[PDB]
Structure formats: structure tokens, C-alpha cells
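[1] Would you be able to build a 3D model of this:
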Amino acid sequence: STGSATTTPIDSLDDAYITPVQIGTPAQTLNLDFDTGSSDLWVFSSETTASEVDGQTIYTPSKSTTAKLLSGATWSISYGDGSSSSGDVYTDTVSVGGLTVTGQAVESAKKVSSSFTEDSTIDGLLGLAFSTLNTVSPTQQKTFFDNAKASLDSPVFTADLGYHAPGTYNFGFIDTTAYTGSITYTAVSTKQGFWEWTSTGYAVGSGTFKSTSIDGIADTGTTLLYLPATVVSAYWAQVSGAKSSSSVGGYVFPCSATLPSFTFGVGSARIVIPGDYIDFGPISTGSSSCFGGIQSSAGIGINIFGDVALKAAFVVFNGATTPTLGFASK
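    Numbers count the residues shown, from 1 in each chain. Take a look:
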């Protein structure tokens, strides 16, 4: 089997991407944030504290003839941005782009933190990291991809995120029309539960490529590109007037600037992020200070190849017995 679904930016800045997902019988379609950095499929629901729902579409398990309470199971997750959610668990039928998994754990939110409530466009998350990170207790549950894998034509999914435009998540096949050149594959460590890999270096604009190993994670659920402070300083030093602002929480730059590109290495191959992809717009409405799309990881503990980086590539998440990642230009 295969599946193919369009993923759409939630706003004009590509702050996140939503993909429609069918849950239950009859189908209830919710727009979920596909997140290769976590491993829970959780949704706003009829059980979510009413004051914490503000415009999201909810899953109502009582209206699904295939929903079954997973007795005794609870979940609770905290994300790197400080947001969180928790609740109980149903199993139900879940379909993405024509690919159907029966008995998928659907984690029903009883509580969500403010950033989730405040984002009316995101009805939940669909985790695509390794199932060892799944938070369901006392019986850990498998991700949608893990459950589908054996049925897929090939044990892979691909992320093709658009810049200010829709893109595609495919399951079970590699669309050879969706990229240019060849796909370069690179080793993955699953030791932390992430799609963790080592970039071979970087360049800023037309500058020379610096060969240096940068371990990080391919994370569709993180908006920006978080890299070591040395790398980030070298990038922003090429932008007149750019500075790190403690009050704003990162590098800002004059909105009048034209940003340089940023290149990252994948083995001997190179992925070029155009400068425009690094502009996240005014820090507040009407400001001439703009927020940068490349930020320091120094306070995180891990480097994160988020959407800013991934949207410049066609990315293969190869879930073979030994997982690997593939990157192609497009």
C-alpha cells in the first residue's frame, strides 16, 4: 500500500504545516501537524477542557463506531518549546492520503497548554519519530508509520514541504518526479528516538564550505533551523545590522535586508536554503526588526534541522531495519 497527502502552511510565514487525517467511522477529518520529532498521535477532542478549545476541530470518539477506549491508558507530553498536552487513549481507524491503519492509538487530549489553544489551525499532532518516544502509559503505543510499515510497498515516508506553498507527505514510495538530481542517504542514530544524523558542514551565501560534523535531528515539527552558536554567528555576521536580542529571544535583523543563503552538507552533497526562507518577518506587527530563521541551539541540547532546512529538500525517512535519511534538492 501507499498514501499521499498534501501538507499546507498554517500561515504566511510557514510557522507549521497541517495535513488532513481521517479518524474513525464515519471519518472525522482533523488537520494534524506531522511531527518527525515526536511519537504521539494526539487530537483535540470532545474530552478536551472546553476553555482550552478555541476553533479547533475535535475528534468525538462516541460518534465513531470503530473507536474503543484503551482501558487504563494515559499520555502526557512536553515539547521543546514548553508546550504540553495530556489525556486518555482510544484505538480507531486512521487514514492518511488513502493509507489506512486499523487499531491506531489516538490520544485524546483532556488538557492542552495555551500555545495549542491559541493556534486554531492545528487540531493535533501526528508523531513520526521512533515509537520508543511514545508517551502512552502503561503500554507504550506505536506511531502511525510503525503500524503501517509492514503493509507499505517500501518502508519509507517522504517529506516535501513547500516554501510559502503546499507540499506533500508520501508513505510507502519515493516519487522520483518530486526532486532533482539524486538522493544522498546518510546514517541515522535512533539512540535518542529521533531521526538523528550528522551533517558534513555548511556554507554562508557564496562563501567557502566549512567541513565540520554537525549532529542534529530532522524535525518537521520545529519551524526553524537551530545550529551551534559558532555556525549561527557566522551566518548573521553577513547581515548588516543583525544581532542577537535577549529580549526578543534570538537573532533579529533589519527587515530591509536581503538575506544570504545557507548551505548544509549531506555527505558529499549540498542542500541550499535560499535567503528568503530565513526571513520570519517582523517581531511584532509593524516592526522593522525581523526574526531570523536560523537560531542558536546552545540552550536546547540538540541541533534541529527544522522546517527552514527541510523545506529546501526532498527528504526520505527510510524506516528499513537500519533506518537512514535521504536528502535531494528539488
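
[2] where do the helices sit along the stretch 151-300 of the chain?
    Using DSSP state H, counting those that start in this stretch, the helices of the stretch 151-300 of the chain run over 229-236.

[3] Actually, the stretch 1-150 of the chain.
    114-117, 144-148.

[4] Need the CA coordinates for the last one. PDB is fine.
    What it means is helix 144-148. Extracted C-alpha coordinates of helix 144-148, given in PDB (Å, rounded to 0.1, in the frame of the first residue of the first chain):
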ATOM      1  CA  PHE A 144       1.100   5.600  12.500                       C
ATOM      2  CA  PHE A 145       4.200   4.900  10.400                       C
ATOM      3  CA  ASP A 146       5.300   2.000  12.600                       C
ATOM      4  CA  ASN A 147       1.800   0.400  12.300                       C
ATOM      5  CA  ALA A 148       1.600   0.900   8.600                       C
END
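
[5] Which strands and helices lie in contact with it?
    Helix 144-148 sits against strand 99-112, with contacts defined as 3 or more C-beta pairs under 8 Å, 6 or more residues apart in numbering; DSSP states H and E. C-beta: built from backbone N, CA, C; applies to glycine.

[6] Could you export the helices of the stretch 1-150 of the chain as CSV, including distance to residue 298 and mean neighbour count?
    Formatted as CSV, the helices of the stretch 1-150 of the chain follow (distance: least, C-beta to C-beta, whole Å; neighbours: other C-beta atoms under 10 Å):
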stretch, distance to residue 298, mean neighbour count
helix 114-117, 22, 18
helix 144-148, 31, 23
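
[7] and these as JSON lines, adding distance to residue 326?
    Compiled in JSON lines, the helices of the stretch 1-150 of the chain are given as follows (distance: least, C-beta to C-beta, whole Å):
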{"stretch": "helix 114-117", "distance to residue 326": "32"}
{"stretch": "helix 144-148", "distance to residue 326": "15"}
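
[8] What is the burial count for the residue nearest to residue 55 when sequence neighbours are not counted?
    Closest residue to residue 55 apart from its sequence neighbours, by C-beta to C-beta, 6 or more residues apart in numbering: residue 120 at 3.2 Å. Residues lying near residue 120 (other C-beta atoms under 10 Å) number 13.

[9] Residue 120 and residue 52 touch, don't they?
    No - contact criterion C-beta atoms under 8 Å: residue 120 and residue 52 do not qualify, at 12.0 Å.

[10] okay, now the residue lying closest to residue 248 once chain neighbours are set aside: neighbour count?
    Closest residue to residue 248 apart from its sequence neighbours, by C-beta to C-beta, 6+ apart: residue 283 at 5.4 Å. Neighbourhood size, residue 283 [other C-beta under 10 Å]: 18.

[11] what's residue 283 in contact with, if anything?
    248, 252, 289-291 (C-beta atoms under 8 Å, 6 or more residues apart in numbering).

[12] Report the buried members of those.
    252, 289-291 (16 or more other C-beta atoms under 10 Å).

[13] how about a markdown table for the residues you listed, with distance to residue 6 added?
    Output for these, formatted as a markdown table (distance: C-beta to C-beta, whole Å):
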| residue | distance to residue 6 |
| --- | --- |
| 252 | 33 |
| 289 | 34 |
| 290 | 29 |
| 291 | 27 |
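
[14] Which of those fall within strands?
    Among the buried ones among the contacts of residue 283, the members found in strands (DSSP state E) are 252, 289-291.

[15] Quick check, central residue of the protein?
    The C-alpha lying nearest the average C-alpha coordinate of the chain belongs to residue 220 (C-alpha atoms, centre = their mean; 1.8 Å).

[16] residue contacts, that one?
    Contacts of residue 220 (C-beta under 8 Å, 6+ apart): 17, 34-37, 128, 159, 161, 306-307, 310.

[17] Over to residue 115?
    Per C-beta under 8 Å, 6+ apart, neighbours of residue 115: 81-83.

[18] Kindly indicate which of those residues lies nearest residue 195.
    For these, the minimum distance to residue 195 (C-beta to C-beta) is 18.5 Å, reached by residue 81.

[19] Could you find the closest non-adjacent residue to that closest one?
    Nearest residue to residue 81, sequence neighbours excluded (C-beta to C-beta, 6+ apart): residue 115, at 7.1 Å.

[20] Report the contact partners of the nearest residue to residue 257 once chain neighbours are set aside.
    Excluding the flanking residues, the one nearest residue 257 by C-beta to C-beta, 6+ apart is residue 239, at 5.4 Å. Residue 239 makes contact with 253-254, 257, 259-260, according to C-beta under 8 Å, 6+ apart.

[21] quick one: contacts for the residue nearest to residue 132 when sequence neighbours are not counted?
    Among residues not flanking residue 132 along the chain, residue 193 sits closest, at 4.7 Å (C-beta to C-beta, 6+ apart). Listed by C-beta under 8 Å, 6+ apart, the contact set of residue 193 reads 39, 129-130, 132-133.

[22] What distance do you get for residue 193 to residue 11?
    29 Å (C-beta to C-beta, to the nearest Å).
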